[PDB]
């Protein structure tokens, strides 16, 4: 009993964080080997952000326009270029703390840790999920842009996110580490169409499984359902449709707990219709959707 959102330890990412400055704008950069990656809107002033022409703004810049600082040490920029919505700044020093890493583009519903930074200074870490509408529900203030999300896999840090914007509903939009936006968003300050978020059904089921592994079973029932009959109900409540490929992903948890996926679907179906009537599941009311099947497996078996 007892289960909560955990982030990955952030030591390896913190040794990569730098401050990038252009004009009077400062934000955060990622220093790996001899490149710093950062949002290309570092080259925007006030007047630029409504409708920036980035190739225009960039041709007006030199290596020397960028001041990069790591700790108290200035790094010299000896090359710059733009990749989608990112700048790649080549520096004179290759980072001694660079970890094994890779860049990956993640999918809706997957989770990752975010190291939130201000002026290249790591300030907090938390865990969140890529929402079905390609936003993230983070916690960020002015100066956070350039913060990164990642996962750790054995020894290797997979970077999957770099923060760029806060939408007016309070959620956040950013890019992968090739600078491609998650979602239909652009790095201009103009109203943009977002899209109703939905509940990550696959994660809610993972989390019900986690409850069963930790001893909470009160919500189980001896019904079952069809995938299709489940989706009829779920879709009414703004849950994502459950695909057979989602069912296959839950196979391992099902095997381990002895509760068939469709039988767990039957449990969620009743939860959605009736609620919890006062009870909790892992200390929550509310069905939690930001733990993946892998999160649940990692955290119920404590992989380091």
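Numbering follows the first chain given and starts at 1. Take the two forms, find the largest set of C-alpha atoms that superpose within 1.5 Å, and that set is the rigid core.
A.B. asks: Core fit done; bigger CA RMS in 5 other deposited structures of this protein for 188-196 or for 120-128?
C.D. replies: So, of the two stretches, the farther one in 5 other deposited structures of this protein is 188-196.
A.B. asks: Can you check whether 43-51 or 259-267 lies farther from the displayed model in 5 other deposited structures of this protein, averaging C-alpha distances as RMS after superposing on the core?
C.D. replies: Taking the RMS over all superposed structures in 5 other deposited structures of this protein, 43-51 lies farther out.
A.B. asks: Going by the mean C-alpha B-factor recorded in the entry, which is higher: 261-269 or 44-52?
C.D. replies: The deposited B-factors put 44-52 ahead on the C-alpha mean.
A.B. asks: Given the B-factors recorded for C-alpha atoms, which segment has the greater mean, 203-211 or 147-155?
C.D. replies: The stretch with the larger mean CA B-factor is 147-155.
A.B. asks: Which one, 99, 170, 174, 124, has the peak C-alpha temperature factor per the PDB entry?
C.D. replies: Highest C-alpha B-factor among the listed residues goes to 170.
A.B. asks: Between 250, 276, 36, 57, which one tops the list for Cα B-factor in this entry?
C.D. replies: Result of the comparison over 250, 276, 36, 57: 276.
A.B. asks: Residue 114: which third of its chain by C-alpha temperature factor?
C.D. replies: Its C-alpha B-factor, which the entry lists for residue 114, ranks in the lowest third among residues of this chain.
A.B. asks: Ranked by Cα temperature factor within the chain, is residue 85 in the lowest third, the middle third or the highest third?
C.D. replies: Its C-alpha B-factor, which the entry lists for residue 85, ranks in the lowest third among residues of this chain.
A.B. asks: Would you mind ranking residue 21 by its C-alpha B-factor against the rest of the chain and naming the third, lowest, middle or highest?
C.D. replies: CA B-factor rank for residue 21: middle third.
A.B. asks: When the modelled residues of the chain are sorted by Cα temperature factor, does residue 244 land in the lowest, middle or highest third?
C.D. replies: Residue 244: CA B-factor falls in the highest third of its chain.
A.B. asks: Relative to the other modelled residues in the chain, which third contains the C-alpha temperature factor of residue 178: lowest, middle or highest?
C.D. replies: For residue 178, whose C-alpha B-factor we compare with every modelled residue in the chain, the answer is the middle third.
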